[PDB]
J.: 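Just dropping this structure here.
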Number of protein chains: 2
Amino acid sequence: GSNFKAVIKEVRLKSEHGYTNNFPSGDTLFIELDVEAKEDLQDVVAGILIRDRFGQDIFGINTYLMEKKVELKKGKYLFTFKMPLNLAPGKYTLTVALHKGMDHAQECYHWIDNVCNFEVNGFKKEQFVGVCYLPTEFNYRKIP
Amino acid sequence: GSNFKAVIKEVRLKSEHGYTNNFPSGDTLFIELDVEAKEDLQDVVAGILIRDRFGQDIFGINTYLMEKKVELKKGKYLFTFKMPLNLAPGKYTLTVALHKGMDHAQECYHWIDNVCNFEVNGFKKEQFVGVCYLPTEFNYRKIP
Ligand SMILES: CO[C@@H]1[C@H](O)[C@@H](O)O[C@H](CO)[C@H]1O
Ligand SMILES: CO[C@@H]1[C@H](O)[C@@H](O)O[C@H](CO)[C@H]1O
């Protein structure tokens with residue numbers, strides 16, 4: 001798998017208030033990845049994958065799907081992902097990867113399964129049931 | 001269960017373009033409920049619950065959790081919910097309810113299991129994996 005022509009040196013989870021692995025549902029999650037390219041690299045893809053305790057994919061995406069071109073010159077980089085964490089309360093794992101190609105069939109630079117364990121606790125927005133939260137609006141009107 | 005002091009007479013699903021039961025992932029879903037109150041009712045709560053093809057709770061919420069007060073005089077009403085359908089492609093069901101109290105322990109007016117079948121097909125935005133879609137931002141930068 002990993003050939004380490006690029007390496008993920010460290011992964012940090014952050015809220016808008018500071019570094020933490022504990023988030024209320026709906027809070028903004030920043031994923032910071034310290035990356036070092038040992039050589040020049042073209043067509044680099046970075047991917048994240050959030051899974052639950054039973055290995056089920058909760059949400060995964062990479063920069064090929066987001067349409068984001070990444071080119072690395074030999075040296076150091078900070079990669080950042082940002083997303084509202086609209087998930088049910090629970091315990092989750094984060095997997096990260098640097099590869100080539102949409103489904104890493106072309107080349108594998110560095111894959112780290114379950115690099116971070118984090119958890120969602122409580123609700124930042126409305127309380128809700130189910131695996132995820134959809135921002136919802138409501139109105140009603142009397143009709144003659 | 002239901003005592004039918006208020007009755008959901010019909011439930012319809014909507015996009016911003018018209019009535020439909022087929023949505024690309026990320027499209028805005030409107031849920032219309034035709035409601036009949038046969039008598040005056042106070043402290044009414046309206047709830048929706050999206051489940052997947054295996055009976056799993058995907059997302060549910062009600063107007064008590066949204067802190068949206070509802071009072072019904074004898075007559076006819078149109079209830080509308082609106083939400084981004086940030087879900088994986090697949091087949092889903094909608095369950096609806098009118099009751100009293102946050103968790104319907106107080107009174108049950110009308111509960112309809114799987115009132116509508118709908119499905120998410122394709123991606124209005126980025127393609128993704130997992131049960132749900134979290135709107136994500138990416139950036140990278142060299143660091144000394
Ligand atoms: C670890 O991230 C993975 C990885 O980039 C790749 O397998 O594609 C997935 C999205 O399809 C993404 O979640
Ligand atoms: C059918 O909707 C339900 C119902 O209002 C109640 O059981 O509370 C749930 C949210 O907690 C909501 O999904």
Side-chain angles (χ1 to χ4, degrees), chain A residues 1-2 8 11 25 31 33 43-51 55-66 68 70 79 81 83 88-89 92-116 123 126-134 136 138, chain B residues 1-2 8 11 31 33 44-51 56-68 70 79 81 83 88 93-116 123 126-134 136 138:
Chain A
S2 306
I8 301 160
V11 177
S25 192
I31 305 167
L33 305 90
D43 313 317
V44 183
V45 180
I48 64 170
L49 176 60
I50 300 176
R51 284 165 162 153
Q56 299 308 127
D57 295 351
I58 297 306
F59 169 66
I61 200 169
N62 67 43
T63 53
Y64 190 112
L65 306 176
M66 299 180 52
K68 297 288 180 65
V70 182
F79 289 20
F81 290 85
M83 66 199 75
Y92 299 97
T93 68
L94 176 71
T95 296
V96 300
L98 297 178
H99 55 84
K100 190 178 300 259
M102 182 178 71
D103 289 294
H104 61 257
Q106 280 52 64
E107 196 167 333
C108 179
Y109 301 132
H110 196 186
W111 186 286
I112 314 167
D113 287 306
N114 310 329
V115 68
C116 294
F123 302 89
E126 301 94 355
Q127 178 179 136
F128 68 94
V129 307
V131 299
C132 61
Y133 165 76
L134 306 181
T136 302
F138 170 90
Chain B
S2 315
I8 306 157
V11 175
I31 306 172
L33 305 90
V44 179
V45 178
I48 63 147
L49 176 63
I50 297 167
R51 286 173 176 157
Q56 177 186 3
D57 287 356
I58 298 297
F59 167 69
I61 200 169
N62 70 41
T63 47
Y64 192 113
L65 301 181
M66 299 162 62
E67 308 250 337
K68 298 295 290 187
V70 178
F79 285 66
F81 288 87
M83 83 202 57
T93 61
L94 175 74
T95 292
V96 294
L98 303 171
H99 53 83
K100 199 190 286 289
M102 86 188 333
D103 189 74
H104 65 253
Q106 278 67 46
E107 199 167 338
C108 179
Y109 301 134
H110 196 191
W111 182 283
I112 307 179
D113 283 297
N114 305 331
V115 71
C116 302
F123 299 89
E126 306 84 42
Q127 178 184 137
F128 65 99
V129 306
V131 307
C132 67
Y133 170 84
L134 303 181
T136 301
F138 172 80

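All values below were derived from every heavy atom in this structure, side-chain atoms included, with hydrogens, water molecules and symmetry-related copies excluded. One-based numbering, in listed order, for ligands and for the atoms of each. Letters A, B, ... mirror the listed sequences (proteins, then strands); counts begin at 1.
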J.: Going by the order shown, which atoms of ligand 2 are within less than 4.0 Å of some heavy atom of B:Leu65?
T.: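 Near B:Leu65, meaning under 4.0 Å from one of its heavy atoms, ligand 2 has 10 (C), 11 (O).
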J.: Just wondering, are more than 12 heavy atoms of other shown residues or ligands nearer than 6.0 Å to OH in B:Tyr64?
T.: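 No, because the 6.0 Å sphere around OH of B:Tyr64 holds 12 heavy atoms or fewer from other groups.
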J.: Nearest to atom 2 (O) of ligand 2 by heavy atom, A:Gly130, B:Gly47, B:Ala46: which?
T.: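 Looking at heavy atoms only, the winner is B:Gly47.
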J.: Can you tell if the side chain of B:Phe81 reaches within under 4.5 Å of the side chain of B:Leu33, non-hydrogen atoms only?
T.: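 A side-chain contact under 4.5 Å exists here.
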J.: Using side-chain contact (heavy atoms from CB on, under 4.5 Å), reason through B:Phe138 and A:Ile61 one step at a time and then give a plain yes or no.
T.: CA-CA 11 Å; B:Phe138 172 80; A:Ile61 200 169; over 6 Å; no
J.: Does ligand 2 have an atom under 4.0 Å from some heavy atom of B:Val45?
T.: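 Judged by the 4.0 Å heavy-atom criterion, B:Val45 does not count as contacting ligand 2.
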J.: With heavy atoms under 4.0 Å as the rule, classify the contact between A:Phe128 and ligand 2 as side chain, backbone, both or neither.
T.: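 Looking at A:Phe128 and ligand 2, no heavy atom falls under 4.0 Å.
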J.: Please write down residue, atom name and distance for the protein heavy atom closest to atom 12 (C) of ligand 1.
T.: A:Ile48 O, 3.5 Å
J.: Can you label the angle between the A:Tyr133 ring and the B:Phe59 ring as parallel, tilted or perpendicular, going by 30° and 60°?
T.: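 Rings of A:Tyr133 and B:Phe59: perpendicular, as their planes differ by over 60°.
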J.: Are any side-chain N or O atoms of B:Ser2 and backbone N or O atoms of B:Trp111, one a donor and one an acceptor, separated by less than 3.5 Å?
T.: yes
J.: Can you sort out which atoms of ligand 2 are near B:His104, meaning under 4.0 Å from one of its heavy atoms?
T.: 7 (O)
J.: Note the single closest protein heavy atom to atom 11 (O) of ligand 2, along with its residue, its atom name and the distance in Å.
T.: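 Nearest protein contact, heavy atoms only, for atom 11 (O) of ligand 2 is A:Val129 CG1, 3.3 Å.
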J.: Polar-atom distance check: B:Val96 versus ligand 2, any N or O pair below 3.5 Å?
T.: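 For ligand 2, there is no N or O atom that lies under 3.5 Å from one belonging to B:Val96.
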J.: Is any side-chain heavy atom of A:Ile31 closer than 4.5 Å to a side-chain heavy atom of A:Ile48?
T.: yes
J.: Can you check whether A:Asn62 reaches A:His99 side chain to side chain, under 4.5 Å on heavy atoms?
T.: yes
J.: Decide whether the shortest distance between a heavy atom of B:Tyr64 and an atom of ligand 2 is less than 4.0 Å.
T.: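 Heavy atoms of B:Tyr64 never come under 4.0 Å of ligand 2.
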J.: Would you mind running through ligand 1 and noting each atom that sits below 4.0 Å from a heavy atom of A:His99?
T.: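 Near A:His99, meaning under 4.0 Å from one of its heavy atoms, ligand 1 has 4 (C), 5 (O), 6 (C).
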J.: For atom 9 (C) of ligand 2, which protein heavy atom lies nearest, and how many Å away is it?
T.: B:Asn62 ND2, 4.1 Å
J.: Supply the atom-to-atom distance B:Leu134 CG to B:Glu126 CD, rounded to the nearest 0.5 angstrom.
T.: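 Going from the CG atom of B:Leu134 to the CD atom of B:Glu126 covers 11.5 Å.
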